[PDB]
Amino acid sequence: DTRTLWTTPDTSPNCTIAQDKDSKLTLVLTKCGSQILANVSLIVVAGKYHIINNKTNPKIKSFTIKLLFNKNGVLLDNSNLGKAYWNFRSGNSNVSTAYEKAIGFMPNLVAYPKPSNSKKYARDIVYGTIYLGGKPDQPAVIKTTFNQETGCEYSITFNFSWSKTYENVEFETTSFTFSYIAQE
């Protein structure tokens, strides 16, 4: 109702992009009535997307992190984010019990409809720019899409892409804030 659904703010890897637990996705979802206030950042610690080099690897330009939810708002097992520490805040960590329901934290289906025969509108997307290493001249685009995945009831997906040729740049980002209309 007014609680926080988050990933914990530690640096302990909780996310799988290319290989297992290669990244820490810090995501904090806070319910303010009909809108959800969201704060996001990413640290890649290992694998394909850890150290970006577009001189040696020119085709590594984008990747996606998917969060898939069922009818009750529980994170599905096939999401990129691990189910382990995706829960309500208890202090600096989480409560002992994994949550039953989080429908109030899901994106609104009327505002952000699933793919169908009807006309797809752009309002289910939010664009933002974060910066690698905190450097102002190293931007990367974060594209957030609501409810556009199949095999779920609700989805939040993060697409990270860049158009610059980076040479040995560690992929860890500044933080970005956005919001979206809630289901309940």
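Just count from 1 along the sequence shown to find any residue number. In this text, the rigid core denotes the largest set of C-alpha atoms whose superposition between the two forms falls within 1.5 Å.
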Quick note, superposing on core in 8 other deposited structures of this protein and taking C-alpha RMS, the more shifted stretch of 34-42 and 115-123 is 115-123
The stretch carrying the higher mean Cα B factor in the deposited entry, 139-147 or 115-123, is 115-123
For 130-138 versus 52-60, entry-based mean Cα B-factors point to 52-60
Residue 156: CA B-factor among chain residues, third -> middle
Residue 70: CA temperature factor from the record, placed by chain third, in the highest
Of the three thirds of Cα B-factor ranks in this chain, residue 183 occupies the middle
